[PDB]
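Summary of structural features
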Amino acid sequence: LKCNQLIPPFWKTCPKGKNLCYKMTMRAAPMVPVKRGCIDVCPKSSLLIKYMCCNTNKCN
């Protein structure tokens, strides 16, 4: 599995046992996926911050 990076097509390889891709967005303004990488489990949505979790190549 590999995920995206922020702006640049650097992508970001997932380490073993950490094979989601997330992108962290705002609840108030999910315009910019401001944080990005691979995670063990789904980071959960909050009031101020939203996620989308997945598992696909250059998903996120």
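Our subject is the structure that appears above.
1. Here's the deal with the nonpolar core
As a rule of thumb, soluble globular proteins bury nonpolar side chains together. Counting five residues, the largest nonpolar core is built from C3, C14, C21, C38 and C54. When sequence neighbours within four positions are dropped, the list of residues in contact with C38 reads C3, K12, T13, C14, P15, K18, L20 and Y22.

2. Looking at the environment of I49
Its place among the elements puts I49 in strand β5 (residues 49-54). When the C-alpha positions of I49 and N19 are compared, they lie 21 Å apart, and in sequence the two are 30 residues distant. With sequence-adjacent residues up to four places away left out, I49 is seen in contact with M24, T25, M26 and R27.

3. A few points about the state of the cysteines
Applying the stated criterion to the full structure yields four disulfides. In this model, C14 is linked to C38 through a disulfide, with the two sulfur atoms separated by 2.1 Å. Between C14 and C38, the S-S torsion sits near -75°, and that sign places the bridge as left-handed. One end of the pair, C14, is in the loop between β2 (12-13) and β3 (21-26); the other, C38, is in the loop between β4 (35-37) and β5, with 24 residues separating them in the sequence. Residues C14 and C38 agree in their burial class; the two are buried.

Calculation rules
- Residues numbered from 1 in each chain as written, not as in the entry; some residues may be left out.
- Heavy atoms only, no water.
- Core = buried A, V, L, I, M, F, W, Y, C linked by side-chain atoms within 4.5 Å.
- Buried < 20%, exposed > 50% of the residue type's maximum accessible area, 1.4 Å probe, protein only.
- Contact = heavy atoms within 4.5 Å.
- Helix = DSSP H or I, 4+ residues; strand = E, 2+ residues; numbered from the N terminus.
- Disulfide = S-S within 2.5 Å.

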